[PDB]
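Structure file final_39.cif (mmCIF, C-alpha atoms) is printed below.
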```
data_run
loop_
_atom_site.label_atom_id
_atom_site.label_comp_id
_atom_site.auth_asym_id
_atom_site.auth_seq_id
_atom_site.Cartn_x
_atom_site.Cartn_y
_atom_site.Cartn_z
CA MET A 1 65.04 -121.50 -65.96
CA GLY A 2 67.60 -124.29 -65.80
CA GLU A 3 69.19 -126.04 -68.75
CA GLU A 4 68.36 -129.43 -67.25
CA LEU A 5 64.77 -128.66 -66.18
CA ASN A 6 64.07 -127.47 -69.58
CA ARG A 7 65.43 -130.43 -71.55
CA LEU A 8 63.83 -132.77 -69.03
CA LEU A 9 60.34 -131.53 -69.35
CA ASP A 10 60.56 -131.48 -73.15
CA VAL A 11 61.62 -135.10 -72.96
CA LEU A 12 58.79 -136.00 -70.64
CA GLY A 13 56.17 -133.82 -72.41
CA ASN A 14 55.79 -136.33 -75.22
CA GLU A 15 53.08 -138.83 -74.22
CA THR A 16 54.81 -141.71 -75.93
CA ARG A 17 58.04 -141.06 -74.09
CA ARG A 18 56.16 -140.89 -70.83
CA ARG A 19 54.30 -144.08 -71.60
CA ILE A 20 57.60 -145.80 -72.36
CA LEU A 21 58.95 -144.70 -68.99
CA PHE A 22 55.97 -146.08 -67.09
CA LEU A 23 56.45 -149.53 -68.67
CA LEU A 24 60.22 -149.65 -67.89
CA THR A 25 59.07 -149.15 -64.22
CA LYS A 26 57.54 -152.63 -64.29
CA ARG A 27 60.37 -154.49 -66.00
CA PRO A 28 62.91 -154.08 -68.77
CA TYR A 29 61.42 -154.26 -72.29
CA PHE A 30 62.74 -155.25 -75.71
CA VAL A 31 61.63 -152.85 -78.46
CA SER A 32 59.04 -155.14 -80.09
CA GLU A 33 57.33 -155.59 -76.69
CA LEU A 34 56.94 -151.76 -76.34
CA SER A 35 55.78 -151.30 -79.90
CA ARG A 36 52.98 -153.88 -79.44
CA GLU A 37 51.80 -152.82 -75.99
CA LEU A 38 51.75 -149.14 -76.99
CA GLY A 39 50.84 -149.93 -80.63
CA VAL A 40 53.25 -147.27 -81.95
CA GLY A 41 55.74 -148.85 -84.35
CA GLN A 42 59.29 -149.88 -83.89
CA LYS A 43 60.45 -146.85 -85.92
CA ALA A 44 59.11 -144.26 -83.52
CA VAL A 45 59.84 -146.28 -80.38
CA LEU A 46 63.54 -146.75 -81.13
CA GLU A 47 63.63 -142.97 -81.71
CA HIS A 48 61.90 -142.09 -78.40
CA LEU A 49 64.19 -144.57 -76.62
CA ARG A 50 67.07 -142.77 -78.25
CA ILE A 51 65.88 -139.47 -76.91
CA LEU A 52 65.59 -140.88 -73.35
CA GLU A 53 69.04 -142.47 -73.42
CA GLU A 54 70.44 -139.09 -74.40
CA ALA A 55 68.65 -137.34 -71.59
CA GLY A 56 70.32 -139.91 -69.29
CA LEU A 57 67.05 -141.53 -68.17
CA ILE A 58 67.32 -145.01 -69.49
CA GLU A 59 70.02 -147.50 -70.43
CA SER A 60 70.24 -150.49 -72.85
CA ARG A 61 71.99 -153.82 -72.44
CA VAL A 62 72.67 -156.47 -75.06
CA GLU A 63 71.77 -160.10 -74.33
CA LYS A 64 73.01 -162.54 -77.00
CA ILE A 65 72.25 -166.26 -77.33
CA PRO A 66 73.93 -168.54 -79.91
CA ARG A 67 72.54 -168.55 -83.52
CA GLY A 68 70.48 -165.43 -82.72
CA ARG A 69 70.76 -161.70 -83.28
CA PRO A 70 72.03 -159.30 -80.62
CA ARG A 71 68.64 -158.05 -79.26
CA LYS A 72 69.10 -155.21 -76.80
CA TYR A 73 66.69 -154.38 -73.96
CA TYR A 74 65.89 -151.17 -72.18
CA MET A 75 65.56 -150.09 -68.55
CA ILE A 76 65.62 -146.93 -66.38
CA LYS A 77 69.19 -145.95 -65.50
CA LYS A 78 70.31 -148.07 -62.49
CA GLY A 79 70.17 -146.00 -59.28
CA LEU A 80 68.41 -143.02 -60.90
CA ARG A 81 66.63 -140.51 -58.71
CA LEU A 82 64.89 -137.74 -60.60
CA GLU A 83 62.74 -135.17 -58.95
CA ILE A 84 60.95 -132.14 -60.40
CA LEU A 85 59.87 -129.50 -57.93
CA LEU A 86 57.45 -126.56 -58.11
CA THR A 87 56.52 -124.27 -55.24
CA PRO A 88 55.72 -120.52 -55.08
CA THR A 89 59.43 -119.72 -55.11
CA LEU A 90 61.11 -122.74 -56.71
CA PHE A 91 60.89 -124.50 -60.12
CA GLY A 92 63.67 -127.04 -60.40
CA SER A 93 64.91 -130.57 -60.91
CA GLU A 94 67.53 -132.78 -59.20
CA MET A 95 69.14 -135.88 -60.61
CA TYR A 96 71.15 -138.12 -58.33
CA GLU A 97 72.27 -141.72 -57.95
CA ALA A 98 71.08 -143.93 -55.15
CA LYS A 99 74.44 -145.16 -53.96
CA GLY A 100 75.48 -141.69 -53.04
CA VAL A 101 72.79 -141.92 -50.34
CA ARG A 102 73.54 -143.42 -46.90
CA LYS A 103 71.34 -146.22 -45.71
CA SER A 104 69.26 -145.03 -42.78
CA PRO A 105 67.31 -146.79 -39.99
CA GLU A 106 64.10 -145.92 -41.76
CA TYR A 107 65.49 -147.72 -44.83
CA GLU A 108 66.34 -150.65 -42.69
CA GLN A 109 62.91 -150.74 -40.99
CA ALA A 110 61.12 -150.67 -44.28
CA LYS A 111 63.40 -153.43 -45.61
CA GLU A 112 62.40 -155.40 -42.52
CA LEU A 113 58.64 -154.80 -42.83
CA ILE A 114 58.87 -155.90 -46.44
CA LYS A 115 60.73 -159.16 -45.67
CA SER A 116 58.70 -160.18 -42.64
CA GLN A 117 56.74 -163.43 -42.76
CA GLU A 118 53.61 -161.52 -41.73
CA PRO A 119 50.45 -162.21 -43.89
CA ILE A 120 49.90 -160.21 -47.14
CA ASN A 121 47.26 -157.98 -45.44
CA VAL A 122 48.96 -157.03 -42.11
CA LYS A 123 52.09 -156.23 -43.97
CA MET A 124 50.36 -153.87 -46.41
CA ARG A 125 48.74 -152.11 -43.50
CA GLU A 126 51.93 -151.97 -41.52
CA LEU A 127 53.68 -150.65 -44.60
CA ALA A 128 51.00 -147.97 -45.23
CA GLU A 129 51.28 -146.75 -41.63
CA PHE A 130 55.04 -146.36 -41.87
CA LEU A 131 54.51 -144.62 -45.26
CA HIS A 132 52.17 -142.18 -43.67
CA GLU A 133 54.73 -141.50 -41.08
CA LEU A 134 57.68 -141.05 -43.53
CA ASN A 135 55.53 -138.58 -45.39
CA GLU A 136 54.83 -136.46 -42.38
CA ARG A 137 58.49 -136.42 -41.50
CA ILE A 138 59.33 -135.38 -45.07
CA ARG A 139 56.66 -132.64 -45.10
CA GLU A 140 58.27 -131.33 -41.84
CA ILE A 141 61.78 -131.35 -43.48
CA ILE A 142 60.67 -129.69 -46.68
CA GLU A 143 59.16 -126.84 -44.62
CA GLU A 144 62.31 -126.62 -42.51
CA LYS A 145 64.43 -126.31 -45.64
CA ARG A 146 62.13 -123.65 -47.06
CA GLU A 147 62.54 -121.46 -43.94
CA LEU A 148 66.31 -121.87 -44.05
CA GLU A 149 66.26 -120.84 -47.63
CA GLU A 150 64.28 -117.63 -47.09
CA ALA A 151 67.09 -116.72 -44.65
CA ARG A 152 69.79 -117.58 -47.19
CA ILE A 153 68.22 -115.65 -50.01
CA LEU A 154 67.76 -112.66 -47.75
CA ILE A 155 71.42 -112.71 -46.98
CA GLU A 156 72.61 -113.29 -50.53
CA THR A 157 70.41 -110.49 -51.76
CA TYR A 158 71.71 -108.02 -49.23
CA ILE A 159 75.35 -108.85 -50.01
CA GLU A 160 74.68 -108.62 -53.76
CA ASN A 161 72.91 -105.32 -53.49
CA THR A 162 75.24 -103.59 -51.06
CA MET A 163 78.18 -105.12 -52.94
CA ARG A 164 76.97 -103.04 -55.86
CA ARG A 165 75.71 -99.78 -54.37
CA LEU A 166 79.15 -99.71 -52.73
CA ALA A 167 81.09 -100.69 -55.89
CA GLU A 168 80.19 -97.28 -57.25
CA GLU A 169 81.58 -94.41 -55.19
CA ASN A 170 84.54 -96.33 -53.77
CA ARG A 171 85.36 -99.84 -55.00
CA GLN A 172 88.37 -99.97 -52.67
CA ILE A 173 86.73 -100.87 -49.37
CA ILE A 174 84.48 -103.33 -51.18
CA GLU A 175 87.57 -105.02 -52.58
CA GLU A 176 88.90 -105.36 -49.04
CA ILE A 177 85.62 -106.73 -47.82
CA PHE A 178 85.41 -109.18 -50.70
CA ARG A 179 88.97 -110.38 -49.95
CA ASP A 180 87.94 -110.74 -46.26
CA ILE A 181 84.86 -112.76 -47.26
CA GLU A 182 85.54 -114.78 -50.45
CA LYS A 183 87.30 -117.50 -48.36
CA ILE A 184 84.17 -117.94 -46.22
CA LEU A 185 81.35 -117.92 -48.78
CA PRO A 186 80.63 -121.21 -50.51
CA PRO A 187 83.00 -121.30 -53.52
CA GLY A 188 80.29 -121.09 -56.21
CA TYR A 189 78.63 -118.05 -54.75
CA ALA A 190 81.96 -116.24 -54.26
CA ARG A 191 82.84 -116.73 -57.90
CA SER A 192 79.35 -115.57 -58.92
CA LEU A 193 80.23 -112.39 -57.04
CA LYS A 194 83.84 -111.67 -58.07
CA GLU A 195 82.86 -112.06 -61.81
CA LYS A 196 79.90 -109.64 -61.60
CA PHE A 197 82.06 -106.95 -60.03
CA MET B 1 50.40 -144.33 -65.56
CA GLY B 2 48.56 -141.88 -63.34
CA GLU B 3 45.92 -139.52 -64.68
CA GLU B 4 47.43 -136.56 -62.68
CA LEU B 5 50.96 -137.46 -63.86
CA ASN B 6 49.92 -137.53 -67.47
CA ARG B 7 48.11 -134.17 -67.47
CA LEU B 8 50.78 -132.42 -65.45
CA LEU B 9 53.54 -133.56 -67.76
CA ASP B 10 51.58 -132.39 -70.77
CA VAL B 11 50.95 -129.07 -69.13
CA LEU B 12 54.67 -128.71 -68.28
CA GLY B 13 55.84 -129.98 -71.67
CA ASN B 14 55.13 -126.75 -73.53
CA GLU B 15 58.02 -124.41 -73.29
CA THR B 16 55.88 -121.33 -73.06
CA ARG B 17 54.00 -122.63 -70.00
CA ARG B 18 57.19 -123.72 -68.45
CA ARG B 19 58.65 -120.24 -69.05
CA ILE B 20 55.61 -118.66 -67.41
CA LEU B 21 55.96 -120.84 -64.38
CA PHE B 22 59.52 -119.78 -63.94
CA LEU B 23 58.53 -116.12 -64.08
CA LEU B 24 55.68 -116.44 -61.51
CA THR B 25 58.34 -117.85 -59.18
CA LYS B 26 59.95 -114.38 -58.86
CA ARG B 27 56.77 -112.44 -58.39
CA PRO B 28 53.15 -112.12 -59.62
CA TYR B 29 52.75 -110.93 -63.23
CA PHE B 30 50.08 -109.14 -65.30
CA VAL B 31 49.53 -110.54 -68.75
CA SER B 32 51.09 -107.60 -70.55
CA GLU B 33 54.32 -107.99 -68.57
CA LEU B 34 54.46 -111.73 -69.45
CA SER B 35 53.80 -110.99 -73.07
CA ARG B 36 56.68 -108.54 -73.47
CA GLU B 37 59.28 -110.40 -71.35
CA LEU B 38 58.46 -113.65 -73.26
CA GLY B 39 57.67 -111.89 -76.57
CA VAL B 40 54.72 -114.17 -77.19
CA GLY B 41 51.48 -112.21 -77.53
CA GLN B 42 48.63 -111.64 -75.11
CA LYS B 43 46.32 -114.07 -76.98
CA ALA B 44 48.61 -117.10 -76.44
CA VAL B 45 49.64 -116.08 -72.98
CA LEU B 46 46.00 -115.76 -71.71
CA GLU B 47 45.49 -119.26 -73.13
CA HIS B 48 48.54 -120.78 -71.46
CA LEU B 49 47.65 -119.14 -68.19
CA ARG B 50 44.18 -120.64 -68.58
CA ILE B 51 45.73 -124.08 -69.04
CA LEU B 52 47.86 -123.68 -65.93
CA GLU B 53 44.96 -122.50 -63.84
CA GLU B 54 42.92 -125.58 -64.76
CA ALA B 55 45.77 -127.78 -63.87
CA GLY B 56 45.65 -126.14 -60.44
CA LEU B 57 49.18 -124.76 -60.69
CA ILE B 58 48.44 -121.04 -60.63
CA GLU B 59 45.71 -118.60 -59.52
CA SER B 60 44.64 -115.09 -60.51
CA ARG B 61 43.34 -112.24 -58.45
CA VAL B 62 41.84 -108.93 -59.52
CA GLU B 63 43.07 -105.58 -58.33
CA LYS B 64 40.90 -102.57 -59.23
CA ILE B 65 41.80 -98.89 -58.94
CA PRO B 66 39.22 -96.10 -59.45
CA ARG B 67 38.65 -94.94 -63.12
CA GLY B 68 40.59 -97.97 -64.43
CA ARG B 69 39.80 -101.40 -65.93
CA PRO B 70 39.83 -104.55 -63.75
CA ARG B 71 43.40 -105.83 -64.52
CA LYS B 72 44.02 -109.27 -63.05
CA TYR B 73 47.40 -110.69 -61.95
CA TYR B 74 48.76 -114.24 -61.79
CA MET B 75 50.70 -116.20 -59.19
CA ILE B 76 51.68 -119.76 -58.30
CA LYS B 77 48.89 -121.28 -56.24
CA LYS B 78 49.52 -120.26 -52.67
CA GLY B 79 50.95 -123.09 -50.47
CA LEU B 80 51.66 -125.26 -53.56
CA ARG B 81 54.06 -128.18 -53.19
CA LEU B 82 54.40 -130.30 -56.30
CA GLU B 83 56.91 -133.07 -56.80
CA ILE B 84 57.32 -135.45 -59.76
CA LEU B 85 59.50 -138.51 -59.09
CA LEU B 86 61.23 -141.03 -61.39
CA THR B 87 63.41 -143.92 -60.18
CA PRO B 88 63.81 -147.42 -61.58
CA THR B 89 60.57 -148.68 -59.97
CA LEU B 90 58.50 -145.48 -59.50
CA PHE B 91 57.07 -142.85 -61.70
CA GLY B 92 54.58 -140.46 -60.04
CA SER B 93 53.71 -137.07 -58.59
CA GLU B 94 52.25 -135.63 -55.46
CA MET B 95 50.60 -132.30 -55.09
CA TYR B 96 49.68 -130.83 -51.76
CA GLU B 97 49.29 -127.66 -49.76
CA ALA B 98 51.73 -126.51 -47.11
CA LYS B 99 50.19 -125.06 -43.90
CA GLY B 100 50.37 -121.37 -44.81
CA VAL B 101 52.56 -119.80 -42.07
CA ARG B 102 55.94 -119.34 -40.33
CA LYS B 103 58.95 -116.99 -40.58
CA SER B 104 61.85 -118.65 -38.78
CA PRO B 105 64.38 -117.60 -36.14
CA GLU B 106 67.12 -117.79 -38.77
CA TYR B 107 65.20 -115.35 -41.00
CA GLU B 108 64.83 -113.16 -37.94
CA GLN B 109 68.51 -113.40 -37.08
CA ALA B 110 69.50 -112.45 -40.65
CA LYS B 111 67.02 -109.63 -40.67
CA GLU B 112 68.87 -108.59 -37.50
CA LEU B 113 72.42 -108.78 -38.85
CA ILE B 114 71.28 -106.81 -41.84
CA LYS B 115 69.78 -104.05 -39.76
CA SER B 116 72.55 -103.63 -37.24
CA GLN B 117 74.62 -100.43 -37.27
CA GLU B 118 77.82 -102.45 -37.31
CA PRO B 119 80.36 -101.17 -39.87
CA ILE B 120 79.94 -102.42 -43.48
CA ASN B 121 82.94 -104.79 -43.16
CA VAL B 122 82.01 -106.48 -39.82
CA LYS B 123 78.54 -106.87 -41.10
CA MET B 124 79.61 -108.60 -44.29
CA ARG B 125 81.85 -110.96 -42.38
CA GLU B 126 79.13 -111.65 -39.89
CA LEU B 127 76.70 -112.26 -42.73
CA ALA B 128 79.17 -114.47 -44.53
CA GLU B 129 79.69 -116.73 -41.52
CA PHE B 130 75.98 -117.07 -40.89
CA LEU B 131 75.47 -117.94 -44.56
CA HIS B 132 78.09 -120.63 -44.29
CA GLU B 133 76.16 -122.02 -41.36
CA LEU B 134 72.76 -122.00 -43.10
CA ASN B 135 74.45 -123.79 -45.96
CA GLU B 136 75.76 -126.60 -43.78
CA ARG B 137 72.36 -126.97 -42.16
CA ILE B 138 70.83 -127.07 -45.61
CA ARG B 139 73.20 -129.83 -46.73
CA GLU B 140 72.22 -131.93 -43.70
CA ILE B 141 68.46 -131.51 -44.27
CA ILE B 142 68.80 -132.28 -47.97
CA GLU B 143 70.64 -135.47 -47.08
CA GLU B 144 68.18 -136.39 -44.33
CA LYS B 145 65.37 -136.04 -46.90
CA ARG B 146 67.20 -138.14 -49.49
CA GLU B 147 67.53 -140.92 -46.86
CA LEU B 148 63.86 -140.71 -45.90
CA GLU B 149 63.02 -140.83 -49.58
CA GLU B 150 64.91 -144.11 -50.08
CA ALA B 151 62.59 -145.64 -47.58
CA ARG B 152 59.44 -144.12 -49.09
CA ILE B 153 60.62 -145.42 -52.54
CA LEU B 154 61.16 -148.87 -51.25
CA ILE B 155 57.69 -148.98 -49.66
CA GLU B 156 55.77 -147.52 -52.67
CA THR B 157 57.58 -149.99 -54.88
CA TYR B 158 56.65 -153.02 -52.80
CA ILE B 159 53.04 -151.95 -52.55
CA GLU B 160 52.64 -151.36 -56.29
CA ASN B 161 54.31 -154.61 -57.13
CA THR B 162 52.55 -156.84 -54.68
CA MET B 163 49.35 -154.96 -55.62
CA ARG B 164 49.85 -156.33 -59.09
CA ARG B 165 51.33 -159.82 -58.57
CA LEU B 166 48.29 -160.43 -56.48
CA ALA B 167 45.68 -158.67 -58.65
CA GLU B 168 46.08 -161.65 -61.00
CA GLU B 169 45.14 -164.99 -59.43
CA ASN B 170 42.70 -163.52 -56.82
CA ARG B 171 41.50 -159.89 -57.08
CA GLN B 172 39.30 -160.41 -54.04
CA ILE B 173 41.76 -160.14 -51.15
CA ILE B 174 43.44 -157.21 -52.89
CA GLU B 175 40.15 -155.31 -52.95
CA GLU B 176 39.88 -155.93 -49.20
CA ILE B 177 43.41 -154.72 -48.69
CA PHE B 178 42.86 -151.71 -50.78
CA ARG B 179 39.71 -150.94 -48.84
CA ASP B 180 41.72 -151.42 -45.57
CA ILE B 181 44.53 -149.15 -46.78
CA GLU B 182 43.23 -146.37 -49.03
CA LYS B 183 42.11 -144.34 -45.97
CA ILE B 184 45.66 -144.39 -44.60
CA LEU B 185 47.77 -143.74 -47.69
CA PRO B 186 48.11 -140.09 -48.77
CA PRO B 187 45.06 -139.36 -50.93
CA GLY B 188 47.05 -138.87 -54.18
CA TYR B 189 48.97 -142.08 -53.90
CA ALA B 190 45.73 -143.97 -53.24
CA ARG B 191 44.02 -142.65 -56.31
CA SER B 192 47.12 -143.46 -58.32
CA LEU B 193 46.68 -147.07 -57.11
CA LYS B 194 42.89 -147.46 -57.45
CA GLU B 195 42.95 -146.24 -61.03
CA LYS B 196 45.73 -148.59 -62.07
CA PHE B 197 44.81 -151.92 -60.56
CA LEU B 198 41.08 -151.72 -59.97
#
```
The structure in this file should be written as structure tokens.
Amino acid sequence: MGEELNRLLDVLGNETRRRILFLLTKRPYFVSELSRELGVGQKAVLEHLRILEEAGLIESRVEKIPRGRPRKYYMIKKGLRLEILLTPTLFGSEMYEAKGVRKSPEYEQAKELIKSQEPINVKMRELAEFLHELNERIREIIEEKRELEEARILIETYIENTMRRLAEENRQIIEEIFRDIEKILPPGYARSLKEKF
Amino acid sequence: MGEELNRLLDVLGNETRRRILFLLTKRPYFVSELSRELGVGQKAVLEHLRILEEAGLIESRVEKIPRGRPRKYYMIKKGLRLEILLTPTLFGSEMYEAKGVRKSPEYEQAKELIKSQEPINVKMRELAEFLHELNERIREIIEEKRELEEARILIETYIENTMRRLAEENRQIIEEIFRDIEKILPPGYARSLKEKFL
């Protein structure tokens, strides 16, 4: 299991941390606000908030105003995209920043459906329809990636296994093969294989 | 916060259940195998497995063999697709089943390059190139999905927000909208909404 998946789900497995994350979804909160709404106590909250900042999920900013203390407020890390995935052959997480992602026509169409002067209830319906369609297109892509991945794992397993059965009774031709191949394989996987022998 | 979301994250928050889910990802396991590999104890394991089955993440099947006890084995629910998402305006999860078929051309081509009686060092090179090419195609898909996901994020965010701003000074038109919309939105997302703002 990954490092990251593991820390992540410990962080999210605490109900109070989760609740704090839901609230930050709505708007940034000052600590007293969270304490009251969750009725937990500023002691514990500041500590949960600490844990979440350390797991890279939230950030804090300080807003001062003359004659008054510093007062810092909390919010989900700007641009954060965190995903946790489970399927029959995958249990993983991915963390990335929106900003690294190119802006597509679908993103532009949604922006446009959202900003249109259409009435509150023709918009929502328009928006729902487009949602249903984005979801189908994503279900198609996820499947497509899964198929591609069965093929990749078949390959990587064969190379690993034959790279070993061979590295027994004559590690000379395997060396030659590795040297022939190393510059083609993605760098990470090639290193995985040199330092395994 | 969703009801689904909350349970799932409690289920996943225990390191032993997490560790079991990782293991079922490699292959089905019998309880004794899990016990040893994890060094936990068949009492606790049976109990975690129970918890995971109720949460709909795994299933069990029973394989008998003359003159022997029942012995049941555990696996990740077949067709399972679970995703939990967190961004500055969204926190939720979807669970759904993938239509249960399909072995692709690429799988078939790799099967083929593996089986060919080409010499061990023309094979490897051939395999290596094809791998490079699967990898590039995988980078493009993953990017394509990330872009589609920006748009889904933007939409779910608007909906939830407007669904609230408006559920203040006139919960009547919102109820109509919800009624208009619920049958279109993916089932999970629509329950997430109903039991949040209604």
Evaluating the PyMOL selection byres ((chain A and resi 105) around 12) on the displayed file yields which residues, as a PyMOL selection string? (chain A and resi 102-104+106-112+134) or (chain B and resi 144+147-148+150-151)
Could you please take those selected residues and save C-alpha atoms as a short mmCIF file (atom, residue, chain, number, x, y, z; two decimals), keeping the file's coordinate frame?
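Resulting contents of out33.cif:
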```cif
data_model
loop_
_atom_site.label_atom_id
_atom_site.label_comp_id
_atom_site.auth_asym_id
_atom_site.auth_seq_id
_atom_site.Cartn_x
_atom_site.Cartn_y
_atom_site.Cartn_z
CA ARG A 102 73.54 -143.42 -46.90
CA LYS A 103 71.34 -146.22 -45.71
CA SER A 104 69.26 -145.03 -42.78
CA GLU A 106 64.10 -145.92 -41.76
CA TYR A 107 65.49 -147.72 -44.83
CA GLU A 108 66.34 -150.65 -42.69
CA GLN A 109 62.91 -150.74 -40.99
CA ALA A 110 61.12 -150.67 -44.28
CA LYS A 111 63.40 -153.43 -45.61
CA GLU A 112 62.40 -155.40 -42.52
CA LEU A 134 57.68 -141.05 -43.53
CA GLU B 144 68.18 -136.39 -44.33
CA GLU B 147 67.53 -140.92 -46.86
CA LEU B 148 63.86 -140.71 -45.90
CA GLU B 150 64.91 -144.11 -50.08
CA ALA B 151 62.59 -145.64 -47.58
#
```
Nearest to chain A, chosen from B:191, B:64, B:103, B:43, with all atoms listed in the file counted in the distances: B:103
Find the residues in chain A near chain B: any atom within 7 Å counts, using all atoms listed in the file. Write them as an NGL selection string. :A and (1 or 9-10 or 12-13 or 22 or 25-26 or 76-91 or 101-104 or 106-107 or 110 or 121 or 124-125 or 127-129 or 131-132 or 134 or 138 or 141 or 145 or 147-148 or 150-152 or 155 or 177 or 181 or 184-186)
Translate the PyMOL selection byres ((chain B and resi 62) around 8) into a concrete residue list for this structure, as a VMD selection string. chain B and resid 60 to 61 63 to 64 70 to 73
Next, the residues of the selection above should be written as a PDB file, keeping the file's coordinate frame with C-alpha atoms.
```
ATOM      1  CA  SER B  60      44.640-115.090 -60.510  1.00  0.00           C
ATOM      2  CA  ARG B  61      43.340-112.240 -58.450  1.00  0.00           C
ATOM      3  CA  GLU B  63      43.070-105.580 -58.330  1.00  0.00           C
ATOM      4  CA  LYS B  64      40.900-102.570 -59.230  1.00  0.00           C
ATOM      5  CA  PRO B  70      39.830-104.550 -63.750  1.00  0.00           C
ATOM      6  CA  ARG B  71      43.400-105.830 -64.520  1.00  0.00           C
ATOM      7  CA  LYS B  72      44.020-109.270 -63.050  1.00  0.00           C
ATOM      8  CA  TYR B  73      47.400-110.690 -61.950  1.00  0.00           C
TER       9      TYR B  73
END
```
Kindly give the distance, in Å, that separates atom CA of residue A:182 and atom CA of residue A:170, rounded to a single decimal. 18.8 Å
As a check of understanding, name the residues that the PyMOL selection byres ((chain A and resi 45-58) around 8) selects in the supplied structure, as a PyMOL selection string. chain A and resi 7-8+11+16-17+20+31+34-35+40-44+59-60+74-77+80
